[PDB]
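To start, the structure under review is shown below, and the notes come after it.
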Ligand SMILES: [Zn+2]
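Numbering (PDB author numbering), first residue to last: 1 to 142.
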């Protein structure tokens, strides 16, 4: 079935700006990660954990189902200029070994606990994953 929907945590709706770019109501957004956060009274179970494992499972669109994969978390990696954004450096990226296609973007990667990041980047035999951990209500401050 259709699994293409945004994520709502408590009162923060996280989604891809390059796939949403809504009005100017978005509370805060980080162009560096092309992620936006809006407000709403539609709280969901979506609660990013405090750990971002490496070997998990992401929703593979090529097989229309979750598949086991292994990505390595990186404090920051270079993102070659593309249709999304120009050349720069991102933060919290999980690069692994998997197929990539124009649409697979958005695949949530569940680990020992659960979703730890979605597909934000993709390359040859390599798939990046935006770590949602370093953003949610894990601690903040400092
Ligand atoms: Zn974990």
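Idealized CB from N, CA, C, for every residue including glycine.
DSSP places residue 126 in the coil class of the three-state scheme, outside both helix and strand.
Contact between the region 15-28 and the region 64-75 is absent: fewer than three C-beta pairs spanning the two stretches fall below 8 Å. Excluding the 5 residues flanking it on each side, residue 103 has same chain C-beta neighbours closer than 7 Å at 61, in chain order. Under the 10 Å beta carbon count, residue 39 is surrounded by fewer than 16 other beta carbons and is classified as exposed.
Annotation for residue 60: the continuous beta strand (DSSP E) segment containing it runs 55-60. For residue 115, the closest C-alpha among the options 89, 87, 46 and 128 is that of 46. With contacts defined by Cβ atoms closer than 7 Å, residue 16 and residue 4 do not form a contacting pair.
For residue 91 and residue 58, the gap between their C-alpha atoms comes out near 20 Å. Residue selection by CB proximity (closer than 5 Å to any heavy atom of ligand 1) returns 51, 53, 111, 112 and 113 in chain order. A straight line joining the alpha-carbon of residue 56 with that of residue 67 spans about 8 Å. Contact between residue 118 and residue 110 does not hold, since the beta-carbon distance rounds to 11 Å and is not under 8 Å.
Under the DSSP assignment, residue 11 falls outside any beta strand (DSSP E); it carries neither an H nor an E label. Ranked by how close their Cα comes to the Cα of residue 10, the residues 43, 29, 19 and 31 have 43 in first place.
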